[PDB]
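Encoded as structure tokens, the structure appears first; notes follow it.
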Amino acid sequence: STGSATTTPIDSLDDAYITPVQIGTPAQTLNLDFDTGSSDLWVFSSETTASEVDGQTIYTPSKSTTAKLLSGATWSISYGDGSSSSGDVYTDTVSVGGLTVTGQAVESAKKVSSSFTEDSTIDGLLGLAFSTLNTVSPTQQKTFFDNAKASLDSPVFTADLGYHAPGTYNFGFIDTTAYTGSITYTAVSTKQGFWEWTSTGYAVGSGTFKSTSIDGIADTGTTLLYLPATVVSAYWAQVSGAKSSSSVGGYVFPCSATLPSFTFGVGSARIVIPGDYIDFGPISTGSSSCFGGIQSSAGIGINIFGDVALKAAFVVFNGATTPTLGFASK
């Protein structure tokens, strides 16, 4: 089998991407944030505290004839950005882009943190990291990809995120028309439950390539590109007027400045992030100070190749017995 779904930026800055997902019988369609950095499929629901729902579409398991309470099961997550949520668990039928899983754990939120309430466009998350990070207790549950894997034509999914435009998540096949050149594959460590890999280095604009190992994760659920302070300092040094602002909490720059591209290495191959991808607009409405899309990972404890980086590539998440990551230009 295969599946193919369009993924759409939630706003004009590509702060996140939503993908429609069919849950239950009859189908309830929710727009979920596909997140290769986490491993829970959780949704706004009829069980969510009323005051914490503000425009989201909810899953109502009582209206799904295929829903079954996973007795005794609870879940609770606190993301790397101070956001959290918790609740109970149902198993139900979940379809993405024509690909159907029966008995998928659907984690129904009783509580969500304010940041989720405040984002009306995101109805929940669909985790695509490794199932070892799933938070369901007492019995950890599998991700949508893990459950689909053996049925797929090939045990892979691909992320093709757009810049200020829709893109595509495919399951079970590689669309050879969606990228240029070849796909370069690179080793993955699953030791922290992430799609974790080592970039071979970077370049700033037309500058010379610096060969250096940068261990980090491919994370569709993180907006920005978080890299070591040395690397980030070297980037913003080439933007006149750019400064790191403690009050804002990162590098900012005047919108009149021209942003250089940023290149990262995948083996001997090179992915070029155009300068425009690194502009995240005024820090506040009407400000001439713009927020940067490349920021320091110091104090995160891990480097994160988020949407800023991934949307410059066609990315293969290969779930073979030994997982690997593939990157192509597009």
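Nothing fancy with the numbering, it's 1 onward along the sequence. All values below come from the heavy atoms of this structure, side chains included, with hydrogens, waters and symmetry mates left out.
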Less than 4.5 Å apart, side chain to side chain, heavy atoms only: is that true for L32 and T19?
no

Non-hydrogen side-chain atoms of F327 and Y185 separated by less than 4.5 Å
no

Between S108 and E47: side-chain donor-acceptor atoms closer than 3.5 Å:
yes

Mind checking side-chain hydrogen bond (donor to acceptor under 3.5 Å, both in side chains) for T100 and listing every partner two or more places apart, or none if nothing turns up?
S95

Show me the pairs that pass ring-ring contact (aromatic ring centres under 6.0 Å, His included) and involve residues 293-314, at least two apart or across chains.
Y179-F314, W197-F305, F264-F305

With side-chain contact (heavy atoms from CB on, under 4.5 Å) as the test, would you mind laying out the steps for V43 and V106 before giving the verdict?
CA-CA 7 Å; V43 297; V106 178; 3.8 Å; yes

Could you check whether any side-chain heavy atom of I278 comes within less than 4.5 Å of a side-chain heavy atom of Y235, counting everything from C-beta outward?
yes

Between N303 and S297, does any side-chain donor sit less than 3.5 Å from a side-chain acceptor?
yes

Kindly indicate, with the supporting measurements, whether the criterion side-chain contact (heavy atoms from CB on, under 4.5 Å) is fulfilled by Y202 and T212.
CA-CA 8 Å; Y202 68 98; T212 186; 4.0 Å; yes

Pairwise side-chain contact, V239 with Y251, heavy-atom cut-off 4.5 Å (strictly under)
no

Trace of the ring pair (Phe, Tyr, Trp, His ring centres under 6.0 Å) decision for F144 with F171:
CA-CA 10 Å; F144 175 83; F171 291 85; 5.6 Å; yes

Does any part of the side chain of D92, heavy atoms only, come nearer than 4.5 Å to the side chain of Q28, both counted from C-beta?
no

So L128 and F145, side-chain contact (heavy atoms from CB on, under 4.5 Å) or not? Walk me through it.
CA-CA 7 Å; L128 291 169; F145 177 56; 3.8 Å; yes

Hey, what's the ring geometry for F130 with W195, parallel, tilted or perpendicular (30° and 60° as the breaks)?
tilted

